[PDB]
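In UniProt numbering, the protein residues as written are 1287 to 1321, 1332 to 1579.
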């Protein structure tokens, strides 16, 4: 045993060094590891909402993003929101989906707020189309309805309404084209059409349109907005963009000031009351 103890010793020490470096690699995994009364009543189609004295902050105890935000929205009425970059419109959308964890005030939808509802119900109640679209890999059924609850005629109707049925029928199999993450399988307008098909199948009855205009040709964006208007006669939509005509077509609009907002109900009244200084030439 003494003629050979040395080799066992060396195995021991070298394997110990290796095990230590591998355990140090493992430790970062644990470092990452430590990071119903209104439910039974179906969510109402009445999109009347009211956010009374709202504020929002990004990080705990930092500079506030909003300041004394008070607004109300009537049922079945299209709402627009304006403001420059960093004015707080993306923050307002994220707070409407309570994505910011340092908001103050009470925010409501039909007398209902985020005090007693889990996230799952909070995401089966509103729809949203982001400025950054993506088409994750899979088939068309996996992009339209990843949950897959919706039936085939439903997806076909959502594609026909979204002006996408013809190009879908021109693919192998139909509703089963193997898509790749991003890629070059569809056009930007067709990606936005897929986003609008997601919005169609969501059936939230409340829509949020977070810059469905950026990085889209005007000749296609205008007909896109025309289709989204002719299709959305109900199910109140709140939009945000930097286009003139998009803000012009909305009824209730609130100009985002430096830290606060100033709301206006009638669109044709506020675009000439300021004498075209802060709401018309800015739009």
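Just so you know, even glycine gets a beta-carbon here, dropped at the ideal spot from N, CA and C.
Item	Value
Whole-Å CB distance - residue 1461 paired with residue 1467, under 8 Å assumed	Contact doesn't hold; Cβ gap of about 11 Å is too wide.
Through-space distance from residue 1464 to residue 1470, alpha-carbon basis	6 Å
C-alpha gap between residue 1505 and residue 1321, whole angstroms	31 Å
Meets three-Cβ-pair contact criterion under 8 Å: the region 1388 to 1406 and the region 1344 to 1356	yes
C-alpha gap between residue 1338 and residue 1417, whole angstroms	11 Å
Cβ shell of residue 1448 (< 8 Å), same chain only, five flanking positions each side left out	1471
Beta strand (DSSP E) runs contained entirely in the region 1387 to 1466, provided each spans 3 or more residues	1398 to 1405 and 1423 to 1425
Option nearest residue 1356 by Cα separation, candidates 1398, 1457 and 1529	1398
Sufficient close CB pairs (3 or more, under 8 Å) joining the region 1491 to 1508 to the region 1293 to 1310	no
Proximity below 9 Å, CB of residue 1535 to CB of residue 1412	no
DSSP state of residue 1543 mapped onto helix, strand, coil	helix
Residue 1512 in three-state terms, based on DSSP	coil
Selected residue, minimal CA-CA separation from residue 1377, among 1550, 1371 and 1572	1550
Buried or exposed by the 16-neighbour rule on C-beta atoms within 10 Å, applied to residue 1517	buried
Local conformation of residue 1486 per DSSP, three classes	helix
Own chain residues within Cβ distance below 7 Å of residue 1436, not counting five before or after	1464, 1471, 1472 and 1473
Cα-Cα separation between residue 1565 and residue 1578, rounded to whole angstroms	15 Å
Residue 1572 versus residue 1488: straight-line alpha-carbon distance, rounded	33 Å
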